Asker: 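Handing you a structure now.
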Number of protein chains: 2
Amino acid sequence: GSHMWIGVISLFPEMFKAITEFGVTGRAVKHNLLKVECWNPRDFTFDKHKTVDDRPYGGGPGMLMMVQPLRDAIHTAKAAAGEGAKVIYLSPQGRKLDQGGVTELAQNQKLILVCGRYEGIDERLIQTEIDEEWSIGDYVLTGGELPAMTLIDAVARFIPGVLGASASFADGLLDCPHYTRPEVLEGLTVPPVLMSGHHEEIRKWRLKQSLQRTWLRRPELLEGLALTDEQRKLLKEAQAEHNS
Amino acid sequence: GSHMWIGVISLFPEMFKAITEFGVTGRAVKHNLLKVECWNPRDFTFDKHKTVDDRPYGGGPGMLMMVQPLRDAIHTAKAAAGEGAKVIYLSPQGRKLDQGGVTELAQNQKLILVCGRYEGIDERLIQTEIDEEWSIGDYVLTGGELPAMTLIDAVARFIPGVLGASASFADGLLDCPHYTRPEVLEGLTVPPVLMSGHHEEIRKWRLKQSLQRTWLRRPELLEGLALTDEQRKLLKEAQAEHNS
Ligand SMILES: Cc1cccc(C(=O)NCCC2(CNc3ccc(C(N)=O)cn3)CCCCC2)c1
Ligand SMILES: Cc1cccc(C(=O)NCCC2(CNc3ccc(C(N)=O)cn3)CCCCC2)c1
């Protein structure tokens, strides 16, 4: 159905095996629901030593991605993608990814993800080749590959058939606690409601737990929500119990 | 020197090749600055079909990590780590990772990272086995492996010898623009200051650019900082120019 194609520009394409060969995403690739295609700037070099880095104007330590091999790799990916491919640059300077952002990105049938190494890429390439800049969080990594892989995994969950944070009606809340066998573990028992077989009591317990957990751990997330009448009631109950 | 050991619990240990075999982190592993050791709950199963999932109490769709194989894997990792290993569970319900959090985690000589699959792990395991809960961002992935890999990469940058977001004195600000060859690219020129050879003008330009970029893209980050006199001045200059 709404299958997705993701082009990747990376000096380390074999890193992407972590998502293309394993788990739910691996199955998505095998079943042709998701296609990940990689281009390596090293393949676009022409000097004997296949140089992919270059010195920064203005000095300072560190190197940057060499423009020519990276530019040529991007152009080749764009040509293969055809029309409509959104080109994304992953860096801490980008729009912070959240679940709403994931759902926006998942609307695209084609994406090209540019993964930098070293200290960065030329600002003029960002101006001329990149459509959107995204960050997976406020921290610094050794390359854009893990961020790209994270984005791919997050959007892959929205492709029909692949499956069986933020935005019942619990979208926007933290997940509730989960329990499986055994009934008693290190003296700790499963909440009896979960054994009751009472589907409505269980639903309300889970929703109440999610509201309580969000209130205690991430109260700022609650402010972004328009709680339903039921959610307002269950949250009040949790707060009263917490205060008791 | 201050080398780091990271134990990992994962159903897909081969995913970790993405960080142990490539780039800066790959070199860190080869040079014994970083050691990543994996235990797979599947190896701790005893039934013919090596079952690693189990049904949730209370019903609902989805499965959870089976308790016994996961618990046994964790205990084995803890025994190997010896004393002082901090056990971390990666999920959206955890403390949000940022660069300050990375620096806190990097203080640990040993970490054990628990990577879940399916819909989660038993809440009582979180109570009894986990020291800290961390999230790499407000989005949902298919497993805890990419978050674990992200954390490892982020902390690896702090191990001496491995190298040559948030918290001069530019810590806390977004990165400045970078330029490399050629001097003119698609009609776009490198800022002349970067060619001036004037080290102090270049330093101030970069700092001003970082202040401007942080103000325009992430103004909330500026509020968390106590700007130096120089930073206050350069920010004012950037704001005046933006308003002109
Ligand atoms: C605030 C600050 C201060 C100092 C340097 C930087 C900086 O941007 N350094 C360059 C890092 C680099 C790759 N590493 C990444 C990529 C993406 C993400 C993410 N959070 O999505 C994290 N780290 C280099 C290759 C191009 C992309 C960026 C940022
Ligand atoms: C808000 C919300 C709503 C609904 C479900 C969940 C949920 O937690 N679902 C389970 C996901 C799972 C793995 N996926 C991950 C792991 C870590 C991260 C991260 N951001 O660090 C992201 N995704 C399952 C295995 C155990 C760990 C958690 C969360």
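Each chain gets a letter, A, B and so on, in the order its sequence line appears, and its residues count up from 1. Below, all heavy atoms of this structure are taken into account, side chains as well, without hydrogens, waters or symmetry copies.
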Asker: So how far is it from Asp54(B) CG to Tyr179(A) OH, rounded to the nearest 0.5 Å?
Answerer: 15.5 Å

Asker: CZ/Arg117(A) to CZ/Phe22(B) distance, rounded to the nearest 0.5 angstrom?
Answerer: 10.0 Å

Asker: Which atoms of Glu129(B) come close to chain A, meaning under 4.5 Å heavy atom to heavy atom: side chain ones, backbone ones, both, or neither?
Answerer: side chain

Asker: For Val24(B), which atoms come within 4.5 Å of any heavy atom of chain A: side chain, backbone, both, or neither?
Answerer: both

Asker: Any salt bridge linking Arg213(A) with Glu123(B)? Criterion: basic side-chain nitrogen under 4.0 Å from a carboxylate oxygen.
Answerer: yes

Asker: For chain B, which of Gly143(A), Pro177(A), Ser196(A), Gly164(A) has the most heavy-atom pairs under 4.5 Å?
Answerer: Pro177(A)

Asker: Kindly say whether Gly101(B) contributes a backbone atom to a donor-acceptor pair with the side chain of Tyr139(A) at under 3.5 angstrom?
Answerer: no

Asker: Decide if atom CD of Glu14(A) counts as having more than 12 heavy atoms of other residues, nucleotides or ligands within a radius under 6.0 Å.
Answerer: no

Asker: For chain A, which residues from residues 198-206 of chain B lie under 4.5 Å away (heavy-atom distances)?
Answerer: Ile202(B), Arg206(B)

Asker: Closest heavy-atom contact between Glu186(A) and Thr128(B)?
Answerer: CB-CG2, 4.3 Å

Asker: Can you tell me which portion of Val190(A) sits under 4.5 Å from chain B's heavy atoms? Options are side chain, backbone, both or neither.
Answerer: both

Asker: Do you know which two heavy atoms are closest between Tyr57(B) and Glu183(A), and how far apart they sit?
Answerer: OH-N, 3.6 Å

Asker: In terms of heavy-atom pairs under 4.5 Å with chain B, which of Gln93(A), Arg217(A), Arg124(A) leads?
Answerer: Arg124(A)

Asker: If you round to the nearest 0.5 Å, how far is OG1 of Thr25(A) from CZ of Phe12(B)?
Answerer: 8.5 Å

Asker: How close do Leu188(A) and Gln127(B) get, counting heavy atoms only, and between which atoms?
Answerer: CD1-NE2, 3.9 Å

Asker: Rounded to the nearest 0.5 Å, how far does CG of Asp122(B) lie from CZ of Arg181(A)?
Answerer: 11.5 Å

Asker: Chain B: which of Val162(A), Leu194(A), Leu11(A) shares the most heavy-atom pairs with it under 4.5 Å?
Answerer: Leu194(A)

Asker: Do any of residues 60-71 of chain B have a heavy atom less than 4.5 Å from a heavy atom of chain A, and if so, which, in residue order?
Answerer: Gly60(B), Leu64(B), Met65(B), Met66(B), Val67(B), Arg71(B)

Asker: Roughly how far apart are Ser135(A) OG and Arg218(B) CZ, rounded to 0.5 Å?
Answerer: 7.0 Å

Asker: Can you name the nearest heavy-atom pair linking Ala165(A) to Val140(B), along with the distance?
Answerer: CB-CG2, 3.7 Å

Asker: After noting the C-alpha distance and the side-chain angles of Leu185(B) and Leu125(A), does the key distance pass the side-chain contact (heavy atoms from CB on, under 4.5 Å) rule?
Answerer: CA-CA 8 Å; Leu185(B) 182 62; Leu125(A) 283 182; 4.2 Å; yes

Asker: Where on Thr189(B) is there a heavy atom nearer than 4.5 Å to chain A: the side chain, the backbone, both, or neither?
Answerer: backbone

Asker: Looking only at heavy atoms, which of residues 147-157 of chain A get nearer than 4.5 Å to chain B?
Answerer: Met149(A), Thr150(A), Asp153(A), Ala154(A), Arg157(A)

Asker: Excluding sequence neighbours, so at least two apart, what forms side chain to side chain contact (heavy atoms under 4.5 Å, CB included) with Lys30(B)?
Answerer: none

Asker: Counting only heavy atoms not in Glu223(B), do more than 12 sit closer than 6.0 Å to its CD atom?
Answerer: no

Asker: So, taking the atom named OG1 in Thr142(B) and the one named CD1 in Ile19(A), what distance separates them when rounded to the nearest 0.5 Å?
Answerer: 9.0 Å

Asker: At a heavy-atom separation under 4.5 Å, does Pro182(A) approach chain B through its side chain, its backbone, both, or neither?
Answerer: both

Asker: Identify which part of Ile121(A) has an atom lying under 4.5 Å from any heavy atom of chain B, answering side chain, backbone, both or neither.
Answerer: backbone

